[PDB]
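> I'd like to ask you about the structure that follows.
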Amino acid sequence: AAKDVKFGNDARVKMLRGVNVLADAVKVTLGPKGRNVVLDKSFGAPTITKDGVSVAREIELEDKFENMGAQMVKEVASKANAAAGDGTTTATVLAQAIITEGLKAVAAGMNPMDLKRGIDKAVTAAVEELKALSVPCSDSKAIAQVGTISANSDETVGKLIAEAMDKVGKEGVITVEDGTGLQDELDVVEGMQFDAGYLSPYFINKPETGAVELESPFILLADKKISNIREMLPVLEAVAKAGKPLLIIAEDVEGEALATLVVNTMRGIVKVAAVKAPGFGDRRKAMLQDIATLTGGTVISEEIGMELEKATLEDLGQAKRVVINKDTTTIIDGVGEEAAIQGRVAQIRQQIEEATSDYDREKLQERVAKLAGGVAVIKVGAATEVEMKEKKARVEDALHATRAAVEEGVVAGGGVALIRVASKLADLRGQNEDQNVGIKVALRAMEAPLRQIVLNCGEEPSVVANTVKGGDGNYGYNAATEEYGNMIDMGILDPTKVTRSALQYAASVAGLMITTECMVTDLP
Amino acid sequence: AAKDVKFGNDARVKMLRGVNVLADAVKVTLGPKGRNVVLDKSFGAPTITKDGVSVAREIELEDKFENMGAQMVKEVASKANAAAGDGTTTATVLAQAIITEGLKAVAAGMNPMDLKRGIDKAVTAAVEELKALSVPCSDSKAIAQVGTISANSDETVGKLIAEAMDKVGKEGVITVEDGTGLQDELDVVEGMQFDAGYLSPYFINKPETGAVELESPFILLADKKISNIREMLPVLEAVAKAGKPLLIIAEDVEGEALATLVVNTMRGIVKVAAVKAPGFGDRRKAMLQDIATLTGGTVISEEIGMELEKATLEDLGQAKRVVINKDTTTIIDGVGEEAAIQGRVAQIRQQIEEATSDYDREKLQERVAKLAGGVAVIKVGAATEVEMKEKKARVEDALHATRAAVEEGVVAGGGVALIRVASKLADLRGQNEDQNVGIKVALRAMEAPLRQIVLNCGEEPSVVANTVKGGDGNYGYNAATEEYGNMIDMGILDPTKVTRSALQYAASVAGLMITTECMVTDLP
Amino acid sequence: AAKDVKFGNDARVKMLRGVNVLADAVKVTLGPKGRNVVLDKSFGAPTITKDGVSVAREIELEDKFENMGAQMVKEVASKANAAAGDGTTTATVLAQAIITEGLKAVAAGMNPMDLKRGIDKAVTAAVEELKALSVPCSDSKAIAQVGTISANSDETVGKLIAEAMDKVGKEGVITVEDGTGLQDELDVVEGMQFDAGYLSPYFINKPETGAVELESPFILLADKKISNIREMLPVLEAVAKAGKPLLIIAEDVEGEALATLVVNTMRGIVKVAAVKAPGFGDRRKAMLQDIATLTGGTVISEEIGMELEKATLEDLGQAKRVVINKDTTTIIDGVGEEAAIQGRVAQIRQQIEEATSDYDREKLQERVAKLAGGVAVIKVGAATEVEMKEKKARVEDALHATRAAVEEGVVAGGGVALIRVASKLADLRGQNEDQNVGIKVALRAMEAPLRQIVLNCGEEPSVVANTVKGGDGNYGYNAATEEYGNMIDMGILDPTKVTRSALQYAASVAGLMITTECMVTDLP
Ligand SMILES: Nc1ncnc2c1ncn2[C@@H]1O[C@H](COP(=O)(O)OP(=O)(O)O)[C@@H](O)[C@H]1O
Ligand SMILES: Nc1ncnc2c1ncn2[C@@H]1O[C@H](COP(=O)(O)OP(=O)(O)O)[C@@H](O)[C@H]1O
Ligand SMILES: Nc1ncnc2c1ncn2[C@@H]1O[C@H](COP(=O)(O)OP(=O)(O)O)[C@@H](O)[C@H]1O
Ligand SMILES: [Ca+2]
Ligand SMILES: [Ca+2]
Ligand SMILES: [Ca+2]
Ligand SMILES: [Ca+2]
Ligand SMILES: [Ca+2]
Ligand SMILES: [Ca+2]
Ligand SMILES: [K+]
Ligand SMILES: [K+]
Ligand SMILES: [K+]
Ligand SMILES: [K+]
Ligand SMILES: [Mg+2]
Ligand SMILES: [Mg+2]
Ligand SMILES: [Mg+2]
């Protein structure tokens, strides 16, 4: 198909207009004072949201060149949200700031390559300052605080997350589900999560998360082999009755067992799943007995001399719910006895003094973390057909952001951290003047999040920004209460990874656009 | 698809314009002097109505931004009606008043967040003031009055509902169906209601009430779960041959069974509905047997050796009528014999004294209460197929509204309550002047219903509003007689829950619109 | 879909214009001097009619609001005609008169609800005056006069109906049907009429009259529900042979049997019609046997052990002609032997003295009437085929009006009755000036029919109307001869029911329109 082709300022004005439409719609939702955006649906009542992620998702423009501008910033803000677990709106706001001032610099006749070079220096320096400024979120109050803020200032979800981490630990397994109720609840059960992918993708019963979930299934294991389904027939029958879906994990299902198994999944008479299996050769024998011990099942191998034919209905392990993702598979609430599981822990704990290398004490300790750790499950319990599918996606991210806080720490929220970092970078310089202007472009942008938050309050960004800059450390503006004070004490905490990611992705796309001389698309 | 995006004033103006079209069309039907609105049908003759609910449902605008505004206020008003039983027109009048003045204030440049806080504060206080002003509906007279008003001053309706509730008791089952002749019929038959909904919303043949209406349906009671349609084949074919619909009650309906029971229900089934049997264990079995004895059906259990394919036409129960809501299933006039039914009730009572648990006594009680209770049936009299369906519409409405009156009590109608509450709030204040303006916005709006009623009479809203304000307590304007008096003595009563719910929902959407900076929709 | 929404004056002029197109097309055909209206057909020569009912049927307008106006008045005039058996044109004329003057009053700023109140009051008064003015229609001479006027001064039609009533009585059953050449026949035969409709409208072999007609059909009488066609199969094979169409009278026909027969009559090569037996309980089984005695057939019941599959050719009764409308079924000339029938009658007569309730005595009385009453068959002869059908249609029309004349009596035609009642209401007043204007609106409108009749003559409506007003009693204008005189002596008679209904229905829709503030319809 013949193409529409634009060059230079022509290309860039259209990108900028498209960026402007995207960012102007998204930025109004930033901070506790965010305005509402009405989003139309094909039929029925419109959706009304303060959520920048939902707003960005709907933006697409008629003009193709403008549209490319918007999709560029979207993709990049979307990557920040997936890496850090939050920051989409912040990343979008920053991107518009850098792009706008950057293109003014290009239009004045300044070297774009130098402009981009100075922006990058500023960002690399800004990222180090953030790492310096950061402080640990080690503590229940703080974790709850950060959770609450990633939760859109919802205490309950912040309380839940900090509650989960208390029981299962900071790096412990935590999963998000629906459940039945108008309110959200938390449960801590026996289960584990190891990295195994689906053997075939078509197992997936839920395309949204691209994962498989079976309800009250059975678990199978190897060992051997599995070359042929002929020995998979007898155990498939008994599982057919009782209406309980079957799960087969290990090990290395191949041939028609790998193939003819995936056929019956597409047809509605069967529900089955398979996984990439344990970390073997030798260690799989350890991992499997761990799974079997958790699921209350038995491990039947040909090595020992046992056959898959003799395997009975009770020979299988069991769990309440199972989830198999692309790279991962999780077991929720195994039915294995606690006396069994507990003794299996001690058996592995002896091997710690029995370990002749640092490499073994890692693995075996990773196993005791799976069995002894358990799995904390939170049920969103937002009651609606539409409200459920959504709130599960935000809490899933709110959990990701808290994890990010626990890893790389936290900094003063409300755009204060970026304001502070920019003040420290006041002396930073480039190789030439154009690189210098680039640097100042980045440093000006770092004020945009605070300014926008304030503007959404109906107060004057100039005055508040000035007042905050005139202060020190974690002093900031609390946009909920309209008062200044210590941001950390006030509990307004950004995960450092989130602030960091927002700026980096923002600056990425902005460098790209500032360095863009040509666009190609389809004819109108 | 590419989107049309508007911001700020340009957006709010279009939204307000769509609200005006909706409200101006709905509000002229308010009260006993309501004007007619003519609504077209693609075929046949136009519908002429004073019912705000019917007018609202038809409104959709060509301009997509205007339409979003209309749909926003519609949803909120129907949420109110769904919660309180009545008040759609009132809610819309209130929404228009709050939005209009609120938007005027925003255009003047006041802080929209503060405006919303002000409105919210006035409503919260108004709601309490309303609860205090409220009075219980104790007896048949006041109950009749409430029904009569919700019936558009039809005293025969109020009389019916008062008598229906007298027979079944104020806590108990009352349904309504088309009558065979000019006269009204009130009879109490054998029936029952438990809590289960439809498994899929597509089962709804009546979009207005969102309910599944099935006339002379066969009832399948299954003690198992159905994931597969192939075993439902011989049973269904028998049903499609008899020219009757089918209600499926089992453990669950899923897999291809559901999906097939959905699409096939659209054309060639030609009608079927299925609900999840309430409870579990021996309770779920015992409840199914209750339903079987009522409809003269036989429960299918796998443990007795019975199968679905061996199920004949006489293993299916039968009832005159069955209705299914999202949370509810109602079986009216089972064919089951007395002796089987009476033999059953004497059996559960015998289970009371044998029962060793106080919990079991209350649980077995709920079962005898349903079998011995039966269901009250109201058949709407005459006079023609279109007139009937309108009267059946009113009786249902009045039924809902009378409920609400029972729970939360009543207040003076004619918009007098909101007028009184407003005058009590004269001294209310906010944190700043903008919140004050918001409070005055809400208080001004609380005069909208009375004024509109008066305006529909062809009188002058200012003069009447003034006179009522100068009066005291339940003193008001009777718009039917155009005479002032005591609203309670004149039998003009609104359920407090209705007035409350209307103000709240209206204020909810208004606050949303006052705080909206951006709208996204499809291209024209 | 998006809607077009109009308000107030903008909405009302469009309704008015639509009413004007409908009314101006219909009203030119009023009375003996009515002008021709030409109605197109997709092929061949146009239809030329002086019949208002035919003109009104064809009117539909492009502008969707104008169309709404017209359909509203059509529905109402149509309702009048169905109730009283004539008056469509009169009602349409009255409706236009009230609407036109009423809207003039609205535009002047008068209270629309008061205007309606005033119109309503004058109408109920006029209805009482019509009842007072009404005179009995008893003698064959007055009856034939009534029939003649309904027939457009066809004195042959009036004579036929009068003759028919001289035999079966004034409440007797009368059917008209295609006769032999040129010569009318009237003969009373064994037969009856009960209320049952066609179960499938597709059964109709006469799309115009809207009724199914079976010639010398067999008649099946079954006391059970026919579901499976297989039970019905052998009884059909006997009907397939002998080439005698079948009439199935059963408790009901549904499912496989319904859809099976309904389609087979469409494809041709088969003739069948199904109707449900009237009443329920024991009264249903009695009336079935009634039809069985009349047709000389046998009732097939489940109780005595009679099987529908064992029903032989002699089990079925026979009629000469059978005519099934949507409302009623008529069996003409049953084959049942006189001794049979009259024995069944004396059996009922006995039970009439045995009745312990006056409900039975009325019901049993109804039956003997149908059995011993017989049916009058009017056979219309004509010079040509096309000349026969229209004369037949003239008789069917006049039959309706004649019955109405018999029930409620007669008044002076030519719109003199309405003129007289109006002059008598001159002092009538309402609660205020606006109500007074409404009354005058109605009173002025009552002159519209005479004026229009005179206008179709080509004379001056003011002069004739003024002269009639100047006289008393039944003095009026004869439009046929263009002379004044006594309307009753000249045989110009309106059934009081017709005049009353036309006025009532016209005032109904007129008040509705005078009170409409909003119209909602589809976009063009
Ligand atoms: N009480 C508060 N005062 C000031 N800033 C706040 C407050 N609560 C949250 N914020 C800020 O709002 C920002 C998050 O806004 P949000 O609308 O979630 O955009 P994003 O999608 O980028 O997270 C963070 O920078 C956070 O510090
Ligand atoms: N005789 C009356 N005098 C004054 N107000 C009345 C009278 N009858 C009903 N109303 C008022 O009409 C309102 C309900 O009117 P309606 O048109 O049904 O609107 P909605 O759909 O909001 O209930 C109530 O506020 C009630 O008090
Ligand atoms: N010879 C006559 N002189 C005056 N009026 C007549 C005469 N014959 C019939 N009419 C009147 O014509 C009217 C019937 O009009 P028609 O054309 O049948 O329309 P509609 O459907 O209203 O009956 C009646 O009011 C009747 O009295
Ligand atoms: Ca749309
Ligand atoms: Ca610059
Ligand atoms: Ca139409
Ligand atoms: Ca104001
Ligand atoms: Ca603003
Ligand atoms: Ca002349
Ligand atoms: K937000
Ligand atoms: K109303
Ligand atoms: K302020
Ligand atoms: K005519
Ligand atoms: Mg966030
Ligand atoms: Mg109401
Ligand atoms: Mg006529």
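By convention here, the chains of the structure tokens are called A, B, ... in the order presented, each chain's residues are numbered starting at 1, and ligands are numbered starting at 1 in the order presented.
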Do a least-squares overlay of chain A on chain B, C-alpha atoms all paired in order, then report the RMSD in Å.

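Result of the CA superposition: 3.0 Å.
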
> Return as a list in words every polymer residue, whether protein, DNA or RNA, with at least one atom no more than 7 Å from an atom of ligand 11; count only C-alpha atoms and all ligand atoms.

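Using only C-alpha atoms and all ligand atoms, everything at most 7 Å from ligand 11 comes to residues 29, 30, 31, 32, 34, 50, 51, 52 and 152 of chain B.
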
> Could you give me, as a tab-separated table (two decimals) with C-alpha atoms, in the first residue's frame, the residues within 9 Å of range 282-285 of chain C, counting only C-alpha atoms and dropping anything in the same chain fewer than 4 positions from it?


```
chain	number	residue	atom	x	y	z
C	223	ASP	CA	-60.38	-33.67	25.74
C	251	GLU	CA	-57.92	-28.40	25.28
C	277	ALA	CA	-61.83	-25.58	23.59
C	278	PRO	CA	-63.47	-22.70	25.55
C	289	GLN	CA	-69.46	-32.57	23.91
C	290	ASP	CA	-71.79	-29.80	22.79
C	299	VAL	CA	-65.18	-36.63	22.12
```

> Counting only C-alpha atoms, which residues of chain B fall within 9 Å of chain C, and what is the closest atom pair for each with its distance in Å at one decimal, ordered by chain and rising number, as a Markdown table?


```
| residue | atom | partner | partner_atom | distance |
| --- | --- | --- | --- | --- |
| B:21 | CA | C:5 | CA | 7.7 |
| B:24 | CA | C:7 | CA | 8.5 |
| B:25 | CA | C:518 | CA | 6.1 |
| B:26 | CA | C:518 | CA | 8.9 |
| B:28 | CA | C:517 | CA | 7.1 |
| B:29 | CA | C:517 | CA | 8.9 |
| B:33 | CA | C:113 | CA | 7.5 |
| B:34 | CA | C:515 | CA | 8.8 |
| B:35 | CA | C:515 | CA | 5.5 |
| B:36 | CA | C:516 | CA | 4.2 |
| B:37 | CA | C:518 | CA | 4.7 |
| B:38 | CA | C:519 | CA | 4.7 |
| B:39 | CA | C:520 | CA | 5.0 |
| B:40 | CA | C:521 | CA | 5.0 |
| B:41 | CA | C:521 | CA | 7.7 |
| B:42 | CA | C:522 | CA | 8.2 |
| B:44 | CA | C:71 | CA | 7.9 |
| B:45 | CA | C:71 | CA | 5.6 |
| B:46 | CA | C:68 | CA | 6.2 |
| B:47 | CA | C:72 | CA | 8.7 |
| B:48 | CA | C:512 | CA | 7.9 |
| B:55 | CA | C:520 | CA | 8.3 |
| B:58 | CA | C:520 | CA | 7.6 |
| B:59 | CA | C:3 | CA | 6.6 |
| B:60 | CA | C:2 | CA | 4.8 |
| B:61 | CA | C:2 | CA | 4.8 |
| B:62 | CA | C:2 | CA | 4.8 |
| B:63 | CA | C:2 | CA | 8.4 |
| B:67 | CA | C:2 | CA | 8.6 |
| B:239 | CA | C:255 | CA | 8.5 |
| B:240 | CA | C:255 | CA | 6.5 |
| B:241 | CA | C:256 | CA | 4.8 |
| B:242 | CA | C:255 | CA | 4.6 |
| B:243 | CA | C:255 | CA | 3.3 |
| B:244 | CA | C:255 | CA | 7.1 |
| B:456 | CA | C:113 | CA | 8.9 |
| B:457 | CA | C:113 | CA | 7.2 |
| B:458 | CA | C:111 | CA | 5.8 |
| B:459 | CA | C:111 | CA | 8.7 |
```

> Okay, now the selection with N, CA and C atoms, as an mmCIF file, in the first residue's frame?


```cif
data_model
loop_
_atom_site.group_PDB
_atom_site.id
_atom_site.type_symbol
_atom_site.label_atom_id
_atom_site.label_comp_id
_atom_site.auth_asym_id
_atom_site.auth_seq_id
_atom_site.Cartn_x
_atom_site.Cartn_y
_atom_site.Cartn_z
ATOM 1 N N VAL B 21 -31.118 17.482 27.745
ATOM 2 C CA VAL B 21 -32.057 16.781 26.876
ATOM 3 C C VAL B 21 -32.757 15.648 27.633
ATOM 4 N N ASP B 24 -34.888 17.295 30.709
ATOM 5 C CA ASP B 24 -36.028 18.084 30.256
ATOM 6 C C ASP B 24 -37.152 17.190 29.750
ATOM 7 N N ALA B 25 -36.790 16.051 29.166
ATOM 8 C CA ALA B 25 -37.765 15.111 28.628
ATOM 9 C C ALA B 25 -38.378 14.281 29.746
ATOM 10 N N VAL B 26 -37.534 13.866 30.687
ATOM 11 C CA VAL B 26 -37.999 13.115 31.853
ATOM 12 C C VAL B 26 -38.788 13.975 32.856
ATOM 13 N N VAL B 28 -40.762 16.520 32.810
ATOM 14 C CA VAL B 28 -42.096 17.064 32.561
ATOM 15 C C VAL B 28 -43.188 16.086 32.979
ATOM 16 N N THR B 29 -42.776 14.856 33.269
ATOM 17 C CA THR B 29 -43.668 13.792 33.706
ATOM 18 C C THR B 29 -43.754 13.645 35.231
ATOM 19 N N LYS B 33 -49.642 15.884 37.962
ATOM 20 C CA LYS B 33 -49.865 16.775 36.815
ATOM 21 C C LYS B 33 -48.868 16.589 35.669
ATOM 22 N N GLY B 34 -48.052 15.543 35.738
ATOM 23 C CA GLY B 34 -47.116 15.254 34.676
ATOM 24 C C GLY B 34 -47.740 15.285 33.286
ATOM 25 N N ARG B 35 -47.024 15.940 32.383
ATOM 26 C CA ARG B 35 -47.357 16.007 30.979
ATOM 27 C C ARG B 35 -47.026 14.694 30.265
ATOM 28 N N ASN B 36 -47.615 14.483 29.091
ATOM 29 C CA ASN B 36 -47.316 13.292 28.303
ATOM 30 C C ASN B 36 -46.068 13.417 27.456
ATOM 31 N N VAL B 37 -45.336 12.316 27.373
ATOM 32 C CA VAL B 37 -44.235 12.181 26.432
ATOM 33 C C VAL B 37 -44.587 11.059 25.453
ATOM 34 N N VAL B 38 -44.520 11.342 24.162
ATOM 35 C CA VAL B 38 -44.831 10.322 23.163
ATOM 36 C C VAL B 38 -43.566 9.626 22.688
ATOM 37 N N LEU B 39 -43.555 8.300 22.781
ATOM 38 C CA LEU B 39 -42.389 7.511 22.411
ATOM 39 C C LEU B 39 -42.704 6.597 21.238
ATOM 40 N N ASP B 40 -41.905 6.709 20.189
ATOM 41 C CA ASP B 40 -42.147 5.975 18.960
ATOM 42 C C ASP B 40 -41.799 4.488 19.056
ATOM 43 N N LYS B 41 -42.534 3.672 18.316
ATOM 44 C CA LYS B 41 -42.132 2.301 18.060
ATOM 45 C C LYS B 41 -41.913 2.158 16.563
ATOM 46 N N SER B 42 -40.914 1.366 16.187
ATOM 47 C CA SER B 42 -40.585 1.139 14.783
ATOM 48 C C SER B 42 -41.787 0.654 13.979
ATOM 49 N N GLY B 44 -46.325 -0.156 14.523
ATOM 50 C CA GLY B 44 -47.478 0.037 15.384
ATOM 51 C C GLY B 44 -47.739 1.487 15.742
ATOM 52 N N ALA B 45 -48.276 1.713 16.932
ATOM 53 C CA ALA B 45 -48.671 3.057 17.323
ATOM 54 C C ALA B 45 -47.853 3.556 18.502
ATOM 55 N N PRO B 46 -47.609 4.866 18.536
ATOM 56 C CA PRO B 46 -46.754 5.486 19.553
ATOM 57 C C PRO B 46 -47.267 5.221 20.961
ATOM 58 N N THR B 47 -46.334 5.125 21.893
ATOM 59 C CA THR B 47 -46.647 4.937 23.289
ATOM 60 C C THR B 47 -46.730 6.313 23.907
ATOM 61 N N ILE B 48 -47.785 6.552 24.673
ATOM 62 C CA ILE B 48 -47.935 7.818 25.368
ATOM 63 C C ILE B 48 -47.844 7.555 26.861
ATOM 64 N N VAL B 55 -39.480 6.980 29.641
ATOM 65 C CA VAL B 55 -38.902 8.060 28.875
ATOM 66 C C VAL B 55 -37.381 7.953 28.904
ATOM 67 N N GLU B 58 -35.522 5.420 26.675
ATOM 68 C CA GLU B 58 -35.497 5.622 25.232
ATOM 69 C C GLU B 58 -34.453 6.641 24.801
ATOM 70 N N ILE B 59 -33.921 7.398 25.750
ATOM 71 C CA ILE B 59 -33.064 8.510 25.380
ATOM 72 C C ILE B 59 -31.644 8.085 25.049
ATOM 73 N N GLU B 60 -31.250 8.340 23.803
ATOM 74 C CA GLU B 60 -29.874 8.232 23.347
ATOM 75 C C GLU B 60 -29.668 9.358 22.336
ATOM 76 N N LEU B 61 -28.525 10.033 22.417
ATOM 77 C CA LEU B 61 -28.239 11.210 21.601
ATOM 78 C C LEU B 61 -27.218 10.934 20.489
ATOM 79 N N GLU B 62 -27.340 11.645 19.371
ATOM 80 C CA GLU B 62 -26.435 11.419 18.246
ATOM 81 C C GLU B 62 -25.039 11.900 18.564
ATOM 82 N N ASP B 63 -24.939 13.132 19.045
ATOM 83 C CA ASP B 63 -23.673 13.658 19.523
ATOM 84 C C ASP B 63 -23.170 12.786 20.665
ATOM 85 N N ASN B 67 -24.395 12.466 24.548
ATOM 86 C CA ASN B 67 -24.921 11.166 24.911
ATOM 87 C C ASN B 67 -24.268 10.563 26.151
ATOM 88 N N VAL B 239 -38.682 -31.929 25.843
ATOM 89 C CA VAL B 239 -39.228 -30.638 26.250
ATOM 90 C C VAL B 239 -39.616 -29.763 25.055
ATOM 91 N N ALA B 240 -38.771 -29.753 24.028
ATOM 92 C CA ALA B 240 -39.039 -28.986 22.813
ATOM 93 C C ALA B 240 -40.238 -29.557 22.057
ATOM 94 N N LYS B 241 -40.531 -30.826 22.317
ATOM 95 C CA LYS B 241 -41.670 -31.506 21.716
ATOM 96 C C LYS B 241 -42.984 -31.137 22.409
ATOM 97 N N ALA B 242 -42.912 -30.849 23.705
ATOM 98 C CA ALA B 242 -44.105 -30.534 24.486
ATOM 99 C C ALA B 242 -44.519 -29.071 24.348
ATOM 100 N N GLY B 243 -43.656 -28.268 23.731
ATOM 101 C CA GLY B 243 -43.942 -26.862 23.519
ATOM 102 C C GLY B 243 -43.931 -26.065 24.807
ATOM 103 N N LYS B 244 -43.041 -26.440 25.718
ATOM 104 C CA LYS B 244 -42.898 -25.738 26.988
ATOM 105 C C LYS B 244 -41.427 -25.430 27.258
ATOM 106 N N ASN B 456 -45.327 21.668 36.483
ATOM 107 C CA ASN B 456 -46.173 20.784 35.676
ATOM 108 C C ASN B 456 -47.680 21.048 35.830
ATOM 109 N N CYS B 457 -48.086 21.599 36.970
ATOM 110 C CA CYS B 457 -49.486 21.970 37.172
ATOM 111 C C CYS B 457 -49.889 23.178 36.332
ATOM 112 N N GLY B 458 -48.900 23.977 35.941
ATOM 113 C CA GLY B 458 -49.162 25.234 35.268
ATOM 114 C C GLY B 458 -49.255 26.401 36.239
ATOM 115 N N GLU B 459 -48.821 26.183 37.479
ATOM 116 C CA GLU B 459 -48.776 27.247 38.479
ATOM 117 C C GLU B 459 -47.361 27.818 38.575
#
```

> Identify all residues of range 223-281 of chain C in helix (DSSP H, G or I) (DSSP on the backbone) and supply them as a list in words.

residues 229, 230, 231, 232, 233, 234, 235, 236, 237, 238, 239, 240, 241, 242, 243, 256, 257, 258, 259, 260, 261, 262, 263 and 264 of chain C

> Could you please extract the residues within 12 Å of ligand 15, counting only C-alpha atoms and all ligand atoms, and hand them back as a PyMOL selection string?

chain B and resi 27+29-32+34+50-54+77+80-81+84-91+146-153+393-402+413-414+492-495+498-499+502

> When you look at residue 121 in chain C with a cut-off of 12 Å (counting only C-alpha atoms), what residues show up, excluding the ones that are within fewer than 2 positions of it in the same chain? I need them as a compact mmCIF listing (two decimals) with C-alpha atoms, in the first residue's frame.


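File selection12.txt, as written:
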```
# COMPACT_ATOMS: atom_id res chain seq x y z
CA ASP C 114 -57.27 22.83 32.64
CA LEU C 115 -58.11 22.78 28.93
CA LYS C 116 -58.19 19.00 29.08
CA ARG C 117 -60.23 19.05 32.30
CA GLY C 118 -62.77 21.25 30.54
CA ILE C 119 -62.95 19.10 27.43
CA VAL C 123 -67.67 15.15 26.95
CA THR C 124 -69.03 13.24 29.97
CA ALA C 125 -71.95 15.69 29.97
CA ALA C 126 -72.46 15.11 26.23
CA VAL C 127 -72.43 11.36 26.78
CA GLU C 128 -75.26 11.69 29.31
CA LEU C 425 -74.52 22.29 27.15
CA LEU C 428 -71.87 24.31 31.34
CA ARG C 429 -68.88 25.71 33.23
CA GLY C 430 -65.73 24.51 34.95
CA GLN C 431 -63.61 25.56 37.93
CA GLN C 435 -61.57 24.98 31.97
CA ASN C 436 -64.38 27.03 30.42
CA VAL C 437 -62.43 27.50 27.18
CA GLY C 438 -61.83 23.76 27.07
CA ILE C 439 -65.56 23.14 27.33
CA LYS C 440 -66.27 25.56 24.48
CA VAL C 441 -63.51 23.79 22.49
CA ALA C 442 -65.39 20.50 22.81
CA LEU C 443 -68.79 22.14 22.11
CA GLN C 504 -65.20 9.77 23.55
CA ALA C 507 -61.63 13.54 23.02
CA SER C 508 -59.30 10.98 24.54
CA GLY C 511 -56.60 15.63 25.45
```
